[PDB]
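Student: Take this structure, written in structure tokens, and hold onto it; I'll ask about it next.
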Ligand SMILES: O=C(O)c1ccc(-c2ccc(-c3nnc([C@@H]4O[C@H](CO)[C@@H](O)[C@H](O)[C@H]4O)[nH]3)cc2)cc1
Ligand SMILES: O=C(O)c1ccc(-c2ccc(-c3nnc([C@@H]4O[C@H](CO)[C@@H](O)[C@H](O)[C@H]4O)[nH]3)cc2)cc1
Ligand SMILES: O=c1[nH]cnc2c1ncn2[C@@H]1O[C@H](COP(=O)(O)O)[C@@H](O)[C@H]1O
Ligand SMILES: O=c1[nH]cnc2c1ncn2[C@@H]1O[C@H](COP(=O)(O)O)[C@@H](O)[C@H]1O
Ligand SMILES: *Cc1c(COP(=O)(O)O)cnc(C)c1O
Ligand SMILES: *Cc1c(COP(=O)(O)O)cnc(C)c1O
């Protein structure tokens, strides 16, 4: 139908149809008279999977023969979403499958909606890992993603009475056709025990064994016939486990609980024992796999030439002492040689500066669970602090600040400090964040080893986040500049030549309008909600957190409501304000914010005087597959975190690529996005980082803003008095109290500038031609934010390998 | 190679080879350079499974169109064993697959050994269910087996220091290619709650829900293109279950524990709550499935014309009050109509008279777990006892004896009494057992309703238990009388014409000798044990229980040892004595017996004076796949239970079919086997049932036998003094104490007759020609013991359906 979806040749369509019917009969054991849409989805998924496997086997064979340097990306999270459509796009099968299914009397889009998201992540960090796997395959790198196969991913969110309720995400209920169990490659992982010192070094004995069973998922590159592997470990009890009889069998569940559920915290360190077990489990199993593959090509001098290990935050930081343990205790290398190998192999990416998000494990936990690792950590610390003392003699305070061991009521290990000491490269995820690392929290480390510190600005894959979710936009771009931009996003710069082209302006605006109609229809069908598709679609979708300032958006929404009630008969630009995202189950304030948003909607959406001029919608169960629907429909992207708190953001980049304008602070990657597009093509407001610092030095007093801004005072009075909660007048007192007395993120300090900037947005939206020209300037300069660019920089500057766009044979 | 294994035509062999390679590549995702034997097994299993599915779909379609009466066989156990070879035999693919795998450079027998047993049963009762499913499919009945998909089946037995150790039977570790998950047909099962009485009858409310997810396995008939279904339920938590957050997800394990593990008791009622939950779970899910299928063709008058439910012992007895509950509470039938329907639908098979094996559930358990069912049971009981009172006025003791409710310290429900009251037919499993039921434990019920009581003598499938496990014997029979006997075992009677045929005598003896060499080699390879293949193979394999009298075999073994030591230089017929079987983990005496057997072996097998004249071997991990190896190698079958205790036996029949002579008591089916073959062709000894009764009336005094039999006294002194346990002199004092003072099974009372009868066995074994002629007379008269005969009798006399040998189209 459209050119970017590939060819639908007669023989291909014919062969897909016969294999579809073969899988329906032989694989699913169904005849056509009793098959449901779910059966048809599975028949298609198996048909498409067959096209992967030849390429998957050939790719892994190629790597075994050529023996390139191997990249191991270790993460506790991979937020993959759905696989069917992505696979078709990357194999150029989308039009052929569409045609083949059409001829069988089926609508492929309907079948795509049946697939469960693989929701094995919380948000941005997990989704970055997914985009990176896509870019690594597309750039022909011999890369492996290693993680945990959680039985239950991020919870499904239901809203009941305006409150979030959590239910289990039973994503494997109907099976996962994309994975292949590899029980033959099962490996032991040890816990507890104690350390014996013999004449032949240390020995970790009396341990409890849990088995790690791998499941492999294929990761196809974009049209290059490369298929890499994501390997996810599942926990299994050994067969002699506890072996009255019946209870011993039932107690196998305790070992297997390790891979049961994803901890649903975003930017918050909770620190449960079960979580520590997850971290070690992934590290221990992965390192054995790495070493096995290295031996099948004992001289570990070449280890760093054949292996790179990238640590996605500190969550797999135990890789450092585990590698030391294996090399010293099992392979009998001397300490110094082992340390040299470890440092050259490992690299660490930091994703946050929020103090509450940093992992600091109590010593007593490590002592009980991983006593050998704690000994190795103490040794690392003492040798590291010996270097600090020689570089900065007499600076005793520096020694305390840089220690891996944190003193206090409870002694803790600072895992970030461990990662820095044991890695040859430490990077932040956006220029401003990387600078903040060097000036604030890692300042001491930067002064000792300036050469370690780098920036690698985040990106997103243009396959999922343009071609897949927004085919109409992809097509009109392709009509002008061809298809090469899909694996070379800098080519979007050519679109600047069409900024005064009337046909292109019309086409960009038409695609957006189609995306909005399609999303407005989706809302009516699945959720019984009616929205005006001519209104400005004002969208904030991301995890619910105080730093992201969903509350500042709420204040603006109530301001617009109060202005309408004050002057009912004045024209205002109609808006649909959409906010979506999950709160961690333990995060009370985040749950209260969700309730506030739905409470505002209850008043605004049923006021007859407002009409369809203002609607507030809480988008339920925000996840990767919902992002693919709402982002292409957005006009305005809300990226309004307090300057200094969002390390990068990636949602911001998704909206830029899909034809929304951005309102935001100079935070994270927003800064680089404005630099690429021009500040005149961005709605920037609020305090810069330096302004936040000056306000902290003087002391943030929220009362001052309350006293000087009548419109803000009115809102706080409405909240306190029960205007938005008539049956429970004091329902929002914790929100009011926080805003007035304990606001770490300075919501009131940015209120005035935000409202004024929002007025400029509305003024531009009244002139569609100029709105659309500004959009073209954003899309055209979004090329820097391809994850292909990000990964090429990791490859050359950290991993020491050269990317490639060359195709393997088909 | 051999004719009974079917044809290996060029096109079939070619097509199997290509599909084998297709599955290796596409299904297993392996190339040939890294494939292991396990991969090759799976590639073959998937190749063979493909041939089932067309037939499976067509059969189930045929049943939906014709709408025959449906037979539902409910069991807590299905002891299936391996499926690959059985499937090839029933589809006539064995030679073609052998040839196809040979051409690919693979040995099919080697690949068959990789398959795990489906060990979802304890012993005879579970294996009977498996044989019955095979015969039902072979006789073209529209039959469904319904049970539980246990995650862990009967434990794997290891012997360590001569003691049994249990380990978990993780049979699903590598996957099960034979099953198909059907999560689309998942059904709710309720527990706990309470009963509300409204004006609209009773209502069961406030319950906890567990989901039942079905897994379907194909059951092929013998060369008739019929493929029936075994449906096994797996337990799943609902998604709102317990919905802090993390613990609620982990607590899903409590619901799913229902289908976790088989209770490993044989002929012993343990009565744990988790076991009661298993019983209700299978019943509740199955009955909803039955009713759904009945509605898709509300007038329940025709229900018994379209449905038969057979209860495999009392384990699914809750089917009776569950059916009443559904018909009265949900469908709103009046009680009397519902009861009429229930009685005509249900039939009950009893498998034991041992008091400790009968299920008697405490009222408090039922009251808490299934309060509505307990109310229905009380109502059933009161109406039933009203009938007894009208038939036998004034007989108050009869009322107490026949009650469903048993009085005492704890009130209990007698489930056998429930089954009799709620079934139109009650059968025993061998003529002597069925008579015992009418004269002893169910005497009162027989006097009230004589028409209910039947016999259906057990049988075994000649597909698994001759063609599959003993191809050499099957072939030499087929050479003389053709192949028709495989589905018409009465045709073995024609072999009586060859009893004086010298070629046939030679061939029968040669097949046995080949089976013995092959088993002696198997022992050396897998277990490092060396046996003389010219010795008489004396075999007792069955679950370890006091009633089966493995201890009487032990006494004979020690008698032979002591006789050899007394007269070293006298000729005796060499024997290899093989005893195998599992003890329930809680059954202390059974575990002690295993230790005694290995202790006897430790003395006997290392005495230089004995030489290879006597060996005692404990066969480890006895299970269906080991039965298939050892039974064809046996010369002597030990079936030596105390008369009145083995309801039927089926191992006895397996040995008869495979060319062993039998030494046994007149117990269970042994009686009918001797009747068919002629008593002159059986080694019968010991007390009859009537002799046991006379001895019980007088009082069993074991001391009398000790005082009068010097050889028996010597053995007891050896046991007591520590001859068989030198480092632990009193190790066997519990065995000695039981034998002397508390022996319920009268081991000493049969000792003398047993030893004398064993001497007659040895005398016959010295004359190979006459031994072999007696064997031919046994094989030739074994036709009655086909499960095809058994099932035809259930069909005509209980279920009211006509069997058929007609083929469906291919
Ligand atoms: O249960 C636990 O103990 C536990 C659970 C989860 C976590 C956890 C999870 C995620 C994060 C986290 N830190 N930064 C992130 C996000 O990473 C994205 C990709 O670089 C950035 O674009 C975002 O700006 C940043 O906020 N996520 C931080 C901590 C920590 C502990
Ligand atoms: O855990 C529990 O509560 C529990 C577990 C298991 C059982 C249970 C299991 C099996 C049996 C049982 N009763 N007879 C049997 C056997 O059934 C065979 C087929 O008809 C006969 O050939 C045998 O002669 C007979 O011993 N098995 C009886 C009870 C009962 C309770
Ligand atoms: O010994 C070998 N011979 C041939 N190919 C091998 C061997 N070892 C690994 N390979 C290839 O490389 C892959 C190994 O996967 P891995 O062991 O997970 O790295 C296989 O799919 C093979 O194609
Ligand atoms: O509504 C129907 N139309 C056509 N075939 C049906 C229908 N319902 C059941 N069947 C057939 O009977 C089988 C039903 O399996 P069951 O529901 O487990 O008894 C299916 O495999 C179909 O072939
Ligand atoms: C991109 C994405 C995120 C990250 O969004 P931010 O605005 O950068 O926090 C979170 N969740 C989902 C489902 C995403 O697709
Ligand atoms: C046949 C069989 C049984 C029953 O044997 P009995 O001698 O009748 O108790 C038990 N277990 C297995 C594995 C069998 O094949």
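We number each residue from 1, going along the chain as drawn.
Every residue gets a Cβ built from N, Cα and C, even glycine.
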Student: Going by Swiss-Prot, point out which residue in A:295, A:438, A:512, A:654 is annotated as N6-(pyridoxal phosphate)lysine.
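Tutor: That would be A:654, per the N6-(pyridoxal phosphate)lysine annotation in Swiss-Prot.
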Student: Select the closest residue to residue A:131 (site 'Involved in the association of subunits') from the following recorded positions, measuring between CA atoms: A:3, A:97, A:215.
Tutor: A:215
Student: Please name the residue among the modified residues A:3, A:403, A:721 whose C-beta has the most neighbouring C-beta atoms within 10 angstroms.
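Tutor: Its Cβ has the most other Cβ atoms within 10 Å: A:403.
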Student: For residue A:403 (phosphoserine), which DSSP three-state class applies?
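Tutor: In the DSSP reduction, residue A:403 (phosphoserine) maps to coil.
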Student: Which ones in the same chain are close to residue A:215 (phosphotyrosine), with CB under 8 Å and 6+ residues apart in sequence?
Tutor: A:149, A:179, A:180, A:181, A:182, A:231, A:232, A:233, A:234
Student: Which whole-number value in Å describes the distance between the Cα atoms of residue A:144 (site 'Can be labeled by an AMP analog') and residue A:487 (phosphoserine)?
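Tutor: It is 20 Å, counting Cα to Cα.
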Student: Taking residue A:297 and residue A:298 as the last and first modelled residues around a gap of 9, how many Å apart are their Cα atoms?
Tutor: 11
Student: With DSSP assignments reduced to helix, strand and coil, which class does residue A:215 (phosphotyrosine) get?
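Tutor: Its secondary structure by DSSP: strand.
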Student: Over the unmodelled segment of 6 residues, figure out how far apart in angstrom the Cα atoms of residue A:243 and residue A:244 are, rounded to whole.
Tutor: 9
Student: Rounded to the nearest angstrom, how far is the Cα of residue A:403 (phosphoserine) from the Cα of residue A:3 (phosphoserine)?
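Tutor: Answer for this pair: 58 Å between alpha carbons.
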Student: Please report how many Å separate the Cα atom of residue A:192 (phosphotyrosine) from that of residue A:487 (phosphoserine), as a whole number.
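Tutor: Cα to Cα, residue A:192 (phosphotyrosine) and residue A:487 (phosphoserine) are separated by 48 Å.
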Student: Among the recorded positions listed here (A:97, A:446, A:654), which has the Cα closest to the Cα of residue A:487 (phosphoserine)?
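Tutor: Its closest listed neighbour, by Cα, is A:654.
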Student: Looking at the modified residues listed here (A:403, A:654, A:721), whose Cα lies nearest to that of residue A:446 (phosphotyrosine)?
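Tutor: Sorting the modified residues by distance from residue A:446 (phosphotyrosine), the top entry is A:403.
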Student: Could you measure between residue A:97 (site 'Involved in the association of subunits') and residue A:721 (phosphoserine) for me? Cα positions, answer in whole angstrom.
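Tutor: Residue A:721 (phosphoserine) has its Cα 58 Å from the Cα of residue A:97 (site 'Involved in the association of subunits').
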Student: Among the recorded positions A:3, A:131, A:144, A:403, A:446, A:487, name every one whose Cβ is found under 6 angstroms from ligand 2, counting any of its atoms.
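Tutor: The recorded positions passing the 6 Å Cβ test: none.
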Student: Among the recorded positions A:144, A:192, A:446, point out the residue whose Cβ has the most other Cβ atoms within 10 Å, with all shown protein chains included in the count.
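Tutor: Answer returned by the neighbour count: A:144.
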